[PDB]
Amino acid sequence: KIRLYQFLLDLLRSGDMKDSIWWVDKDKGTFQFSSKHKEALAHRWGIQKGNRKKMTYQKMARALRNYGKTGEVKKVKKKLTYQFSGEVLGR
């Protein structure tokens, strides 16, 4: 049962959806979603999870928000931009 932050890190490693997500500064772990193409990536997350409903970027971003306190992923002050923790990057 893959975790959302790992799904995203795995995508950034593989390059399979390079038009939906990309590194901004990979050394810092900052990454950004495509305004126009993020929904396709959200859809893939829902299908990988086997969720009942179609996944949307908004719901996926709601899940990302919950990582802010524990630290795996923090929202950066640029649109659609986030940052993985050093711990997540190391694994």
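Residues carry their position along the shown sequence, with the first being 1.
- Message: Highest mean C-alpha temperature factor of the two stretches 21-29 and 71-79, which is it?
- Response: Taking the mean B-factor of the alpha carbons in each, 71-79 is higher.
- Please place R65 in the lowest, middle or highest third of its chain by C-alpha B factor as given in the entry. It belongs to the lowest third of the chain when residues are ordered by C-alpha B-factor.
- Third of the chain's Cα B-factor distribution that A40 belongs to, per the entry: As the PDB entry reports it, the C-alpha B-factor of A40 lands in the middle third of its chain.
- Within-chain third of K59 by Cα B-factor, per the entry: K59: CA B-factor falls in the lowest third of its chain.
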